[PDB]
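Close look at the chain arrangement
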Amino acid sequence: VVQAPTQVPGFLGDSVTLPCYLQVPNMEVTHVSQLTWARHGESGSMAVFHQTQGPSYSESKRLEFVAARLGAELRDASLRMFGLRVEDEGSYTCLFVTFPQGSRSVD
Amino acid sequence: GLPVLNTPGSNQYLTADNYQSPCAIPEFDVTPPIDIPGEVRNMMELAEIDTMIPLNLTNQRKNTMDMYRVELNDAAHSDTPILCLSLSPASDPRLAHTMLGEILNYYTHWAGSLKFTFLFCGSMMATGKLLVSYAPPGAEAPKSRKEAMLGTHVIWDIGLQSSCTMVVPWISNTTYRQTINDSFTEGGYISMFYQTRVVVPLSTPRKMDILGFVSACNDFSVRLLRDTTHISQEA
Amino acid sequence: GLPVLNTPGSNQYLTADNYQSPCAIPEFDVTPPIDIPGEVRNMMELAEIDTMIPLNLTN
Amino acid sequence: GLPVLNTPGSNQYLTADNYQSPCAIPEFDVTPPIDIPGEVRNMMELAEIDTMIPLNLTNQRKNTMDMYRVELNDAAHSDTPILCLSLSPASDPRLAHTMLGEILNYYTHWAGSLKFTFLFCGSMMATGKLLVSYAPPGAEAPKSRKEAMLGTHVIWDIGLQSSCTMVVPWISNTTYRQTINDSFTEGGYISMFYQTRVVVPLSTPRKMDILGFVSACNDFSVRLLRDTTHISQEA
Amino acid sequence: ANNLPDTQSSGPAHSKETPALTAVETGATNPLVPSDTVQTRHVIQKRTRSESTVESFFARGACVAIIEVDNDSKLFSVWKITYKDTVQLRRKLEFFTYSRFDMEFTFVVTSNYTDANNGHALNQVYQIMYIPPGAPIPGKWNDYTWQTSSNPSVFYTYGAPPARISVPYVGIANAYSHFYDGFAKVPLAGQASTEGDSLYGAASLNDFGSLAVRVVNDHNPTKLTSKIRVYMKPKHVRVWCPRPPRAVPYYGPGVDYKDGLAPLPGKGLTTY
Amino acid sequence: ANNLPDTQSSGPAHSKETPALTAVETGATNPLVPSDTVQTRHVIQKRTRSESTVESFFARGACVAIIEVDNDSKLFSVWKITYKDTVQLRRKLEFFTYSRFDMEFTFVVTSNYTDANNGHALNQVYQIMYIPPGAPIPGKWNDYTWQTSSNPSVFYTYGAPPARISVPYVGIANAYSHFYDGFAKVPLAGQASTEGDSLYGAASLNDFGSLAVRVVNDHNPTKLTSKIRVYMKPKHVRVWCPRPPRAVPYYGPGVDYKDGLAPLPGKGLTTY
Amino acid sequence: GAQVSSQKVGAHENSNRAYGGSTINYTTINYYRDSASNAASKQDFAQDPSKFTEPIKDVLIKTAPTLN
Amino acid sequence: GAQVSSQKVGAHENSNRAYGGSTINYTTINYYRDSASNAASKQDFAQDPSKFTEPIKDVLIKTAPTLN
Amino acid sequence: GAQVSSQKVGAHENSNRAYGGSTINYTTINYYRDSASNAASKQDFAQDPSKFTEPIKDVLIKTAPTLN
Amino acid sequence: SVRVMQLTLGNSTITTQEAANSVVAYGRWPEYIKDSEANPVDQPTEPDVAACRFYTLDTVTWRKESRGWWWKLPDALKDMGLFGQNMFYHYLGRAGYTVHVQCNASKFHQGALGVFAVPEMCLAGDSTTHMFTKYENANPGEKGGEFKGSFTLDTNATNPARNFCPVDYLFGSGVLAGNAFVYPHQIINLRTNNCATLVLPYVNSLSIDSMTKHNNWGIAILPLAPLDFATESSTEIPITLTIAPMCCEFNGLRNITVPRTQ
Ligand SMILES: COc1ccc(OCc2ccc(COc3c(Cl)cccc3Cl)cc2)c(Cl)c1
Ligand SMILES: COc1ccc(OCc2ccc(COc3c(Cl)cccc3Cl)cc2)c(Cl)c1
């Protein structure tokens, strides 16, 4: 299930992180578990954190990805945007993919 | 009657099927057609028309008419890029919303050559030579003219013919690429540099804009119709 | 038997369909027609006959 | 409409049926094929390639590279067997996991001739004569060279041509045998003995290995596709 | 829906012909191919544009409406026919100004007990009646209008494969207009402002009429709800005058906008 | 898929031709037949290899997935398309390195009340939507994505014969790769270790997309669960480069192993 | 016993099949002995309205005086 | 009234039937009088994009100067 | 567009129909435009295993010495 | 050459020495209704030279701050000589056009204007009420209208403006302006040309329609590259619009139409 807490200020200067937590119940555990981030955002159709095996930077040069990747975990991944100008909002999304039902998440 | 045997798939509704059905308004006198100008037979015809690229997506320029303007100046020669782009026509934010990108987002695969045309909107008194480049994936993305010049490139001399076209040839490992950002089907990098420098005389503007256009070549095709993420509906 | 596949629309009843059906009174000796005056083939024939207009609809 | 009558079997799903169904992705531009080397048309082609037999399944050797090595020595002549095997290609532990045995485990019946090739891996200075034998079922399994020599056998003389092939002819009562251990369709016994003895000069290794290979002949066939027990899935 | 041309091998050049230079001011697009600017090899092209034909682009059943009826006036519902109640098909159609095609309608009907432990009902039969603009609209789930002596009706039995019917090109013009830059009335000089006023971009007040849906069975006190999802597929398609696609969220039947006016994300000019 | 050759009668021999002797070092297999080493009779061969053709070997519907939906987010589920979720079909496909074929998918749908004495529901209709890599994935069992204006959907009515559809050869390469000895990225010198890292043996992060399944009916408080078992059959098959079959238990999507590493039993060297 | 008639194509697909061939024809076969079981062919003729519009004994021309 | 067209075979089976014969053809018969009831043939043609790509009055060659 | 092939009769009935005529033939007609919709014909060919069994450069005879 | 031309229609001639060719929309030249496409049965009027001639609408001025301009056809020509008379006296009317946009500067000026001809150019309104723009505001006549840099919602409930609010980058209709190039167009880049010339055939889903109720074409002019000069923050260059109706034919003559105004 999806339980993202990210409603974050968010401090400018900068810099701070843009987290994404998806706590996993619990007896029907999730794969494949690639993680996608879509901005909001003139999205046609990329400024993306995607992570298949090796973390792939869809071109927004000012990014930092910190998840225990190339292996697996799965995803309570944290992103970071520096920097350092007010490349603001708008908004951001955090969508996952799953073998069971979960090719889906929440903005 | 005639003995029949029902096979699996019976009574289902495939959203992409192609069967016949009874007409609810029989013997209806259909209004004949007229020859209306501008008829279209294939979606690829639209992908071959030049559409302006929103190259300047900086925070102050994005979502304004300024996102289409890339400014140049008469400064002394520099080897740093004027602009940088990734060849992901359906996913790169600068390409994803052009007519070409819009159509690609209704399909899962794309293949073919593309062409980028740049228009110089400086005064007639302004001159200059620019280097437009394309580097197939696999190496470090060019950051200086020295690296860019080693790949596919067109040296544009500014003058009477206001525009210059650079064709990005189909150089791929797979027979088709995906319309999503994926490293396996990555396309490469597009960049521009000053070859010499923009030169203007006195009483002439020292800064001017260039506009970029993108369209598909005659060997371009797409396949696997899918739904776009460019339109949504809440509630 | 012959393998068939049921398509959507099966078992429905379209009020404007045009299919065949079994006859409930088979081998019935139908009374032949006679040439009755005033036969009509199209509804538009009736629309071409002058009909008086109720022009004065005052109270 | 056309009067029809539904016959039994209607609306069922036979896992082995062969019917037509609507295409979910119509008008899809299929990527054409290329001539890739090594195409296969029949599974029996794979059964005809020599595959190494894990002949030495003793506790210390099984599941190691030593299960493939059968050691010989320059000892004085003995009439005791070097190895013994049962002609149950799909069930005997030594044959069941070869390429031939793997394929046979996806079928219920097998028929045809087989051939066993042995490779001598001793030094060039080593010589010797061996007797490879095949005894059709029904009598006591050969335990001495004297009994083995009464059945089908090939006397292998070691020299330049390093290997020797013994063909196990199709000698059966039934038209097809089963791929399980069953006495009704039992196949017989394969064994090897020293004809003379392995002889080596001084300064030469007195023990060496031989490797065995098994493949199907051109008259081999299988039928009745079934599921193998060689792959499982827990939970 | 056909083949693409082969790539011919192309060698070096040193000439006065410069296909790389052009002038987009003319309003034309430069028809260059790879061999115009680089050395190419001969490639025998086998890819085709079979799936991007106008027909294949629209050859999918899209949901245009979800009509709901509560078999306990809700015993029947009326849906004004349109393609603008949903966004997906609407956006695809709007890549063009005019269109002409036939339509295939498939109806997926679902129903369920509102109560987990109460009520029961026998299998339901639905009547989907088309009311052409002008015909009497039902006032009750069982008034005289449901006799359909002339209106086309479809009687669907719950559980049967989805119902499906075809409709010809029914426009009163030679093509359907996706955009109409005008009014149905012209206000004349002298008349009250209340007079001659009409909606911008609207043609007839009732273009195609509507659908009246009801459950034919006698309603039981049991709480039940049914939903008829209408799927439409344009077949035998012809389209005219391409237009750029909708970039911001729809705001009504018109081209009006209000909310998502900043569709593009930020990206560095020199960032790959 | 044909005949086998006849056995010709063969008599005794005393010659300089020795087909029994060979040298397997060359990499070739000795093509002997019985008559090469023993006296044979003439046998008219009537057996054929009709059932071991590459086509007949795969001409069976194998289960590749069991998708579950609880109609009381579980109101809908998403399954990433793959053949590696099960072991039986996977092992057969892996006898070869590359393949090219069409696919037939049959869906067996079952459902039941969780409670022996509680709840009730009317007949269910399911929607199986294919979401090609790139298309928007449903967030709710009833959001806009289920309009399927372009994605292919299959609406199944509970109790009807299993649904079935055919899919063409959809690979972006000229053949499907059962094994890919490589990466999707090449780490470049200078970049952070977090950079350019990808899974070994993986191509696209999303190869074939996924299936989104849901019950279209309005959910009732009743506890119900449904399972869609997906069966796939390769038809019009061509395969390249044979490989030895999997001997130890599978350990993931790769060729990784961990547990049943000692597959063979013990048997005496001189024991029949 | 099949009857093959041609359809009056309204909306045309971007195909040559929409303009010719068996693709613009439809096939019919009667399965019942009684003509009552048959569907309506709908290839129906028209006629002159004169019996209603001009049931006049002495035929008159519109250009010429009706009352003569 | 049957229409017999040929299919564009994508994946080929190891059969000669996958390369020739009626085995690579498909048959069609219209059952309804109204063309609206018909399925889509999908044998659709293409055209020249020139009306959009080059709606220029005085035709120009790419090798030749556009502005002359 | 019907394809008529013959069956390989296994068990024979005590009829002449079990040995000849259309009674040992089967008929096929494709209903779909896409070849993917087609069933498998199963009239599949075989080939030479040599590419696997003898991928040797200099061809050798079994009667003749392999190592020469 | 591609650059020198002369257009003659009726008693009016236009000359240019700095053209960039001319565009014929969709490759179709205007024409009269053929008998096979005819609808109204009455004899049409075809003014010919009296209506098919060049009419010069009001000149607008381009400044560094301009966002763009728009006009609607036949609306912009409703008061133009005998063309306007025939338009108002007849129920139905049909016409094609030759649009000639004029804009000259100097070799030390910069700027590029995108001139687009859009069939059924529907614009966005200013209120939360859909399709609320009133007739009088939608049809400005020869003066046309202007594009804005942002959307501003009309909140005066007592007196709603009921006007358009065309945002420039959204092409005044909720689509991105960079994609407007799919419509017949030309670009007036100051370093290259003086004008833009577009020949527009009659486009509609009918052979003839009401010219008062319906506008067939829309002309949109947007500054793609803003006006700039030497060092004069202050720069103004006029943009004159000359349009000529072609193949005019009207049907359904009656008393003259006098539409409500302002
Ligand atoms: C440009 O895109 C368009 C144009 C017209 C459209 O609708 C025209 C239309 C007219 C009549 C009917 C009536 O169809 C029906 C009948 Cl007879 C019987 C039963 C059910 C139906 Cl459903 C249905 C649609 C649509 Cl949805 C999109
Ligand atoms: C080497 O072995 C392979 C290669 C590819 C495979 O999958 C490719 C694949 C691609 C798309 C679809 C989509 O199919 C569907 C559609 Cl359109 C509609 C409805 C349901 C389905 Cl199900 C299904 C499978 C598999 Cl399972 C094994």
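Residues numbered from 1 in each chain as written, not as in the entry; some residues may be left out. Chains lettered and ligands numbered in written order. Part of a larger assembly, values for the part shown. Heavy atoms only, no water.

The deposited coordinates derive from cryo-EM, with the record listing a resolution of 9.0 Å.

The name given to chain G in the PDB entry is Protein VP4, and the organism recorded there is Poliovirus type 2.

As annotated in the PDB entry, chain A carries the name Poliovirus receptor and comes from Homo sapiens.

**As for the site of ligand 1**
To keep things clear, this is the line we draw: Here, proximity means that at least one heavy atom of the residue falls within 4 Å of the molecule or strand. Using the Shrake-Rupley algorithm and a 1.4 Å probe, accessible areas are obtained, with residue cover drawn only from the displayed protein chains. We count a stretch as a helix when DSSP gives it H or I for four or more residues in a row; a strand needs E for two or more, and each element gets its number in order from the N terminus. Just so you know the grouping, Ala, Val, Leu, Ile, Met, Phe, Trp, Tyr, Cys and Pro go in nonpolar, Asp, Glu, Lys and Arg go in charged, and all remaining residues, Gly too, go in polar.
In the neighbourhood of ligand 1, 18 residues make up the surrounding shell, with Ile25 of chain B together with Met103, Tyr130, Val167 and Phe208 of chain E lying closest. Those chains with residues close to ligand 1 are chains B and E. For ligand 1, the accessible surface in isolation is 640 Å², of which the surrounding protein chains cover 99%. Examining the composition of the shell around ligand 1, we find that 5 residues originate from one element, strand β4 (residues 96–113) of chain E, more than from any other. Here the residues of the shell around ligand 1 are counted per class, giving 16 nonpolar, 2 polar and no charged.

**Structural notes on the sheet that holds strand β1 (residues 17–19) of chain A**
Within a sheet, neighbouring strands are paired by backbone hydrogen bonds and run either parallel or antiparallel to one another. All names here are of chain A. Put simply, the rule reads: Strands qualify as paired when DSSP identifies two bridges or more between them. For helices, the axis comes from a line fit to the C-alpha atoms of the stretch in contact; other axes are also lines fit to C-alpha atoms, and the angle between any two N-to-C directions lies between 0 and 180 degrees.
With antiparallel pairing, the 3 strands of this open sheet are ordered in space as β1-β6-β5. Both edges of this open sheet fall to β1 and β5 (64–66), since each of them pairs with a single strand only. With direction set aside, neighbouring strand axes in the sheet form an average angle of 25°. Where β1 and strand β6 (residues 78–80) come together, 3 bridges link them in antiparallel fashion.

**A few points about helix α1 (residues 81–89) of chain J**
The condition that has to hold: Exposure categories follow from relative accessible area, calculated using a 1.4 Å probe and restricted to protein chains: below 20% of the type maximum is buried, above 50% is exposed, and the middle band is partly exposed. We call two residues contacting when some pair of their heavy atoms lies within 4.5 Å.
Where α1 of chain J is concerned, the buried positions are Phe83, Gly84, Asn86, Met87 and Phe88 of chain J. Those residues of α1 of chain J that are buried lie in contact with β4 (55–56), β7 (90–102) and β13 (237–253) of chain J.

**A word on the interface of chain E and chain B**
Short version of the rule: Two parts lose some accessible area (1.4 Å probe) when they are put together, and adding that loss for both gives the buried area. The working definition used for a salt bridge is a side-chain nitrogen of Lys or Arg within 4 Å of a carboxyl oxygen of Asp or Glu. Here a polar contact means two N or O atoms within 3.5 Å. Within protein one must be a hydrogen donor candidate and the other an acceptor candidate, and residues neighboring in sequence count only if both atoms are side-chain atoms.
Listed by partner, the interface residues are 82 residues for chain E and 99 residues for chain B. Here chain E and chain B share an interface that buries about 7500 Å² over both sides, 58% of which is from carbon and sulfur atoms. For the chain E face of the interface with chain B, the top three residues by lost area are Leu264, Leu269 and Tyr272 of chain E, together amounting to 12%. Applying the counting criterion to the chain E and chain B interface returns 4 salt bridges. Note that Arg91 of chain E and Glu102 of chain B form a salt bridge whose closest N and O atoms lie 3.0 Å from each other. Inspection of the region where chain E meets chain B yields 45 residue pairs in polar contact. Of all the elements in the fold, those that place two or more residues in the side of chain E that touches chain B are β1 (21–22), α1 (54–58), α2 (88–93), β4, β7 (163–167) and β10 (224–242) of chain E. When residues of the side of chain E that touches chain B are assigned to their parent elements, the largest contribution, 8 residues, is made by β10 of chain E. Looking at the side of chain E that touches chain B residue by residue, the classes come out as 46 nonpolar, 19 polar and 17 charged.

**A short note on the environment of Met67 of chain B**
Mapped onto the elements of the fold, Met67 of chain B is located in the loop between β4 (51–52) and β5 (70–73). In contact with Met67 of chain B, not counting residues within four places along its chain, are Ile53, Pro54, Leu55, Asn56, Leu57, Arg61 and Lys62 of chain B, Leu264 of chain E together with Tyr169 and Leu176 of chain J.

**Quick look at the state of the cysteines**
In plain terms, the rule: We call a pair of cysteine sulfur atoms a disulfide when they lie within 2.5 Å.
This model, assessed by the stated rule, comprises 1 disulfide over all chains. Here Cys20 of chain A is linked by a disulfide to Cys94 of chain A, with a sulfur-sulfur distance of 2.0 Å. Here the S-S torsion is close to -110°, and the disulfide linking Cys20 of chain A with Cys94 of chain A is therefore left-handed. Here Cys94 of chain A lies in strand β7 (residues 94–98) and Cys20 of chain A lies in the loop between β1 and β2 (32–37), a separation of 74 residues in the sequence. We classify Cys94 of chain A as buried; its relative accessible area is 6%. We note that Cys248 of chain J lacks a disulfide partner, and the nearest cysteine sulfur, in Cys52 of chain J, lies 3.7 Å from it.

**Describing the environment of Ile82 of chain B**
Residue placement: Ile82 of chain B occurs in the loop between β5 and β6 (83–86). Between the alpha carbons of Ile82 of chain B and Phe213 of chain B there is a distance of 16 Å; along the sequence they are 131 residues apart. Setting aside residues up to four positions removed in sequence, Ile82 of chain B forms contacts with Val70, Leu72, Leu130, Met192, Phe193 and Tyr194 of chain B together with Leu269 and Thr270 of chain E.

**Details of the arrangement of the chains**
Separated throughout, chain A and chain C approach each other most closely at a C-alpha pair spaced 28 Å apart. Spatially, chain F is disjoint from chain G: no contact exists, and the shortest C-alpha separation is 19 Å.

**A look at the nonpolar core**
Counted only if it meets this: Nonpolar cores are built from buried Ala, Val, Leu, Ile, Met, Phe, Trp, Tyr and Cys residues. Side-chain atoms within 4.5 Å join them into one set.
Within the largest apolar cluster, 200 residues are counted, with the highest numbers of intra-cluster contacts made by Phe116 of chain B together with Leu73, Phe83, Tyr97, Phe171, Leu200 and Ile221 of chain J. Excluding residues within four positions of it along the chain, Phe83 of chain J makes contact with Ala51, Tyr55, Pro74, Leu77, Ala95, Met211, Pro245, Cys248 and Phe250 of chain J. Membership of the second largest hydrophobic core comes to 98 residues, among which are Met208 and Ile210 of chain D together with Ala20 and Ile228 of chain F.

**Observations regarding the environment of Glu46 of chain J**
Residues and elements named next belong to chain J. Structurally, the position occupied by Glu46 is in the loop between β3 (23–24) and β4. When the C-alpha positions of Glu46 and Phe250 are compared, they lie 6.8 Å apart, and in sequence the two are 204 residues distant. Beyond its immediate stretch of four places on either side in the chain, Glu46 contacts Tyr32, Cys248 and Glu249.

**Considering the interface of chain B and chain H**
Put simply, an interface is often sized by how much accessible area is lost when its parts join up. Tallying the contact residues gives 17 residues for chain B and 23 residues for chain H. Summed over both partners, the interface of chain B with chain H comes to about 1700 Å²; 49% of that surface belongs to carbon and sulfur atoms. For the interface between chain B and chain H, the tally reads 1 salt bridge. Salt-bridge contacts for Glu27 of chain B lead to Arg33 of chain H; the nearest nitrogen and oxygen are separated by 3.0 Å. Inspection of the chain B/chain H interface yields 13 residue pairs in polar contact. Among the residues making up the side of chain B that touches chain H, the classes are represented as 7 nonpolar, 5 polar and 5 charged.

**Some words on the site of ligand 2**
Around ligand 2, a shell composed of 18 residues is seen, among which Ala24 and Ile25 of chain D together with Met103, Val167 and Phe208 of chain F lie nearest. Notes on ligand 2: free accessible area 630 Å², of which the protein chains cover 99%. Listed by contribution, the elements that provide at least two residues to the shell around ligand 2 are β4 (96–113) and β7 (163–167) of chain F. With 5 residues, the single largest contributor to the shell around ligand 2 is β4 of chain F.

**Looking at the UniProt feature "disulfide bond" in chain A**
Where we set the bar: UniProt positions are given in the numbering used here, feature names are shortened, and annotations may be inferred rather than shown by experiment.
In this model the sulfur atoms of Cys20 of chain A and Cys94 of chain A, a pair UniProt annotates as disulfide-bonded, sit 2.0 Å apart, close enough for the bond to be present. A residue is classified by how much of its surface remains accessible, and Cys20 of chain A, at 2% relative accessible area, is buried.

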